[PDB]
Every structure is written in structure tokens, then in C-alpha cells.
Amino acid sequence: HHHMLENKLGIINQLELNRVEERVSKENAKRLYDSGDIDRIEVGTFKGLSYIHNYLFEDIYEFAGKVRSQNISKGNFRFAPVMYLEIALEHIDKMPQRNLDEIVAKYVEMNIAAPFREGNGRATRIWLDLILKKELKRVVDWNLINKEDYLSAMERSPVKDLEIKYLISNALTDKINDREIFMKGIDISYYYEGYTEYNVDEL
């Protein structure tokens, strides 16, 4: 267990560590967008996801953007055992992304893979939007996706991706250059994970 800022700042409370982590990474997410850096990276690849994860969590989480060395025990959900991860990430890279069916299937596959130690959800929600922006000229208006519905559809996706597919298509917007949709979407993505201390636009 190693979070680069826990021993740097006197952090004794998990709530305080979670507070610093959200603040620092939200500032990184803001810069990723405004610098235009978000639009100069490989779309729908592990290389692309790795870039986002490292950009958000460098200096916060150890091995940011790097593939994990052990298995994930987050709930009863079956993430890919680490022995399958090299093969899994190569398959996802080669998966087609022509339409919503193909894009959702790809996203479900990346959610199962969960290649990093932690922050898989937040980095893959940004990654997804970039596939939608490039291939459909759409993004998700995350304000149209309720938290409880989102998690339920995600738990179900290894069996059937129909529920998550609906949530995304119904939330799709053509306002791909709308800064507020991106910023609000960052706060919602963090809310799905229990981080509500800050509003990235106030950073």
C-alpha cells in the first residue's frame, strides 16, 4: 500500500488523503482539457488510456499509467486476473470502434481488464468520451446518467451490455466543444466513485 502523498503530507486520515487526491487529480484533468493535450493522444488504445491515467495521477499514485502486477478484489465483480492482462490489452487495442455497439463492447472489455492498480473507472470514462468524439462526433452528457443506474449497468455488462449501451446512447450529445459538459462530467465521474469534496471548475 503506497500513495505518494500519504508520507509527504502528514496524512493520517483516509478522508484527508482522498481529499488531496481528488484536488490534485482534478487540477490535472482541467489542464489535460484546456492545454488541448486530451486531443493529441492515441484514441481507443491502452497507450491512450495509460497517458490519461498517468496525466491524472502522476505524483499521486505510484506507477500511474503502468499495468498492475497483482489481481483486483473490488467487490464480487470479476476483473481480469493479471496473468491475462497482457493478452487482454492487445485484444482491446485491435477491437473495432466504428459504431456505438463496437464502442460500448470495447469499453466493457476495458472495464473488465481494469489494467491499473487503482483509478480505472475515472481514466476509462475520459478514454470512452474520446472514442465517441473521434468516431461518432458525440460525447456523454454524464448529467443524463444516474450513479445507481450506471453501476448496475456496469455490474451487468460482462453478461449483457444492453443496459450500459442504453445509458450511453440516451446521454449522447453533439456539443463536443462544450467545456461545461466536460467539466461537469469530471465531477460526475468522481461522484460515481465517492469523491465530492471539490468542483473542478473552482480549481
**Fill in**
If the chain between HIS2 and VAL43 were fully extended at 0.36 nm per residue, the gain over the current Cα-Cα distance would be 11.8 nm
**Fill in**
Here FRET efficiency (C-beta to C-beta, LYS74 to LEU9, R₀ 22 Å, nearest 0.05) is 0.25
**Request:** Compute the whole-percent fraction of alpha carbon pairs in the chain spaced more than 27 Å apart.
**Result:** 26
**Item:** Inter-centroid distance (Cα atoms) of segment 73-115 relative to segment 141-190, Å
**Value:** 17
**Request:** Can you tell me the FRET efficiency between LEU17 and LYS66 if r is taken as the Cβ-Cβ distance and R0 is 22 Å, rounded to the nearest 0.05?
**Result:** 0.60
**Prompt:** Are there any helices in the chain, counted as whole DSSP H runs, that stretch 15 Å or more along their axis by Cα and score at least 0.0 on average by Kyte-Doolittle, and if so which?
**Reply:** 46-57, 100-113
**Asked** Where in segment 18-61 is the amide nitrogen less than 11 Å from a point lying 7 Å along the Cα-to-Cβ axis of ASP201?
**Response** none
**Amide proton proximity set for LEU172, modelled H, under 5 Å, gap of 5+** = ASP141
**Item:** Interchain or long-range residues, amide H under 5 Å from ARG138's placed H
**Value:** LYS133
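Starting from the exponent 0.38 and prefactor 2.2 Å, build the expected Rg for segment 99-142 from its residue count and divide its actual Cα Rg by it.
1.13
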**Fill in**
So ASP59 and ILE87, fully extended at 0.36 nm per residue minus their Cα-Cα distance, gain in nm 7.3 nm
**Message:** Which log10 I(q)/I(0) values does segment 1-103 give at q = 0.11 Å⁻¹ under the Debye formula, counting every alpha carbon as one identical point scatterer?
**Reply:** -0.46
**Item:** Mean Cβ neighbour count within 10 Å, used as a protection proxy, ranking 114-127, 42-55 highest first
**Value:** 114-127, 42-55
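Restricting to Cα pairs below 8 Å that are 6+ residues apart, what does the relative contact order work out to for the chain? Please round to a whole percent.
22
Taken together, the values in this text are just the output of simple stated rules run on the coordinates, not laboratory data. Reconstructed Cβ throughout: ideal geometry from the backbone, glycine too, with neighbour counts over all protein chains shown.
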